[PDB]
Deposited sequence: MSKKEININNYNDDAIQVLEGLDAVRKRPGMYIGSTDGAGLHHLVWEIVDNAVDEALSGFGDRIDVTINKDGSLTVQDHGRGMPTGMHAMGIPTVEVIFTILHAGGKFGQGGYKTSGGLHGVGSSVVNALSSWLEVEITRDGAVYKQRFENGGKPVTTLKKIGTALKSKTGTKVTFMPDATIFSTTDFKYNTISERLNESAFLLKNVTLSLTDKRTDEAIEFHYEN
């Protein structure tokens, strides 16, 4: 397996997300959402909240275990490795195609954050920013799609709502929410089995 950096994604985005139109833009949402859904399917977390922010960015929040907060080689956080090496995989592809991205992790009584800019270059390490109850766990990913790559950077509420509805139906017993801060629209989906 040949590992690559984020420049490879930026030079051939269609190879990773199919296209650079609205379909590709929304693939970025699906990758992040799917990672939160995988975590819930494994039994960690019973709600997944998606927000379309007024500035054009998009946030996904889960209440799963929290991405690992430790280090890989050479003092590099595991989360930085997840977000910056392409195993050619969604997290690194979204980072590559974002003008900025923030990941916030909560676990073990601590809240940590790392910020990337300009196609996924870290501008901070994984920094402890605060504290939380020892019981509190999860991951939050916010990203701004790169307007230099996509033909449209307008997330579509109806498109996202349909996909989260479907994902709630497949998962069971997990609430998926969508809030649009541009229009104030909001919806929740939950299917009990």
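Unmodelled regions of the deposited chain, listed from N- to C-terminal end, are 1 to 16, 105 to 121.
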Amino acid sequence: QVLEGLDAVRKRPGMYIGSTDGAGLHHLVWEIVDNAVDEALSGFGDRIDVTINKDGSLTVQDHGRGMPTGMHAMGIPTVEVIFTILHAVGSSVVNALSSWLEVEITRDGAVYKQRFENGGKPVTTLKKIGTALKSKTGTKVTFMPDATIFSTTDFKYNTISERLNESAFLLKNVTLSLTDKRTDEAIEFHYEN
From here on, numbers count along this sequence of modelled residues.
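Compared with other entries of the same protein, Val103 falls outside the group left without coordinates by a third of them; all model it where both flanks are modelled.
Modelling of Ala88 is missing from a third or more of the other compared entries in which both of its neighbours are modelled. According to the PDB record, 148 to 156 carries the higher mean C-alpha B-factor of the two stretches 60 to 68 and 148 to 156.
Within the listed group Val93, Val103, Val111, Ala88, the record reports its top CA B-factor for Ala88. Placement of the Cα temperature factor of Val81 within the chain: middle third of the modelled residues, per the deposited record. In this PDB entry, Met74 carries a Cα temperature factor that places it within the highest third of its chain's modelled residues. In the deposited entry, the Cα temperature factor of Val174 sits in the bottom third of values across the chain's modelled residues. In this PDB entry, the Cα temperature factor of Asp49 sits in the bottom third of its chain's modelled residues, the lowest group.
Residue-level temperature factors show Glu166 in the middle third of its chain, judged at the C-alpha atom.
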